[PDB]
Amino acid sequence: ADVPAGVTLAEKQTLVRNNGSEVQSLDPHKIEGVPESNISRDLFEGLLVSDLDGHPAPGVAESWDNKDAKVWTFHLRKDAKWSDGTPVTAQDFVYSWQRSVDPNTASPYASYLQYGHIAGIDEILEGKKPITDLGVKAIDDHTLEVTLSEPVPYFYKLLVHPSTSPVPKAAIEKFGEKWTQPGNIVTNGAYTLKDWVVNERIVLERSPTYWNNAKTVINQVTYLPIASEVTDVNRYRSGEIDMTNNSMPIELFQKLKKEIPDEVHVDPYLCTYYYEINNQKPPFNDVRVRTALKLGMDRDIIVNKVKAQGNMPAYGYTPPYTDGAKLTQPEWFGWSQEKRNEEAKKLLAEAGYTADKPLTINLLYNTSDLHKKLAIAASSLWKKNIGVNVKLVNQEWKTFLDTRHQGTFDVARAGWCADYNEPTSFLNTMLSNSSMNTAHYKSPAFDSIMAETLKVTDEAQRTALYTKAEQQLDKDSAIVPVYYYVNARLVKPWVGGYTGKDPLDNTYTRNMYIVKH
């Protein structure tokens, strides 16, 4: 943290944040959600970190080199330490990246290092080659060399994501899944774990072994799992919570801006809200059916519920404002909604679904006052607009996520947030082979476009090809885009060091501090 001159710190440096829901895991190879990453970023530290403006900055790596964006050398700082007092080494990295790609780990982010195309990775992920063939090596204890199979000029930007953090072999091998329990866990970041009360709180404590401990100010942070946006704001206003999660109650946002205007932050956020179609579940293996669901949704009715917050209606998957995106709007986006409806019912009818022989659908969503109102609207619009009956089904966050991977749903509420600020952070999740493809979308056409992006000579060419990919994704109606996100949350006037200026919102507790009050 960087506390400005003139500020008087409080004696008690503690922070309470709502994290939105109970985490999947504190194992960095066993997580895929925003809540998971948010705690992970306080516990473990990879080669690089996000600075206060979203940019990549030194982490364990103090400096780095690259040849043709294909061989990357990272020089690890000599004072990087585990909560053990033991050194964080290059071999820790080799071990951890290997583990991330082992089929036996079954990581939901197994594919993340494949987005950077480390040598040897495709066959390893399919189980045809051992993990020790991965193109990552420790030249010495403080020098990691990564060899990619082609040039990827943005490879470094991946390396801030928690799935790429190092993890402790010895703890993992002694304790199996219990390695992350308070007494067992060994950590790399500004904090370690003090307590974990399932469905109540995760409490972390400052670690004096952290190389940059001198700059840390907060001594204890508490993460809560409140899925109720209303309960979140309630317990903020009553004094318990210092920072709400970044999802607001639709009916209360304007009261809040009128009442505590200086505590309401709203910043750009590179995430997309959409209704994910299970492309492998009949009748949604039929492109005409997917297209009818997409066109029949009335995005302007939906965004008009959150218009105070400034959300823009979505026409694709990757956010238009992502770095390197210059997207086009498809022709359907310019129609009236009545013409979109007409088209949709013609398409349904062509597939065999008529007035008299109507489609009935299940809409899955994770517990949330926000998702529940928007699911009730979605189901009502779809009925009126295209004659599809939609029933609601709600699951807890951990179970929600698992269900989508298993395929046991028709359509679901969904949200993807960039892991790095580049369009492949979204587009790669729609690859046939991706551990994150919960769409179950498989298009050899899409895939081959994406391969082309790393054969081109210029960034402008790459940018043009991402717009082809999006177009192909939309022509296949892989998803129902609804709106682009905003990062809106409440933050107490005494909490310092939250700028809101990273559009991926990768904040760290080691950057905040509490002003005397």
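When you see a residue number, it is the position in the sequence shown, counting from 1.
- The PDB entry reports B-factors from which the mean C-alpha value can be compared for 150-158 and 226-234; the larger average falls on 226-234.
- Stretch comparison (319-327 versus 423-431) by mean CA B-factor in the PDB entry places 319-327 on top.
- The residue among 380, 272, 216, 278 whose C-alpha atom has the highest B-factor in the PDB entry is 380.
- Of all the options 440, 299, 413, 142, the entry's greatest CA B-factor is assigned to 299.
- Annotation for residue 365: C-alpha temperature factor in the middle third relative to the rest of the modelled chain, per the entry.
- Per the deposited record, the Cα B-factor of residue 95 falls in the lowest third when ranked against the other modelled residues of its chain.
- In this PDB entry, the Cα temperature factor of residue 334 sits in the top third of its chain's modelled residues, the highest group.
- Among the modelled residues of the chain, residue 79 sits in the middle third by CA temperature factor in this PDB entry.
- Split the chain's modelled residues into thirds by C-alpha temperature factor. Residue 357 is in the highest one.
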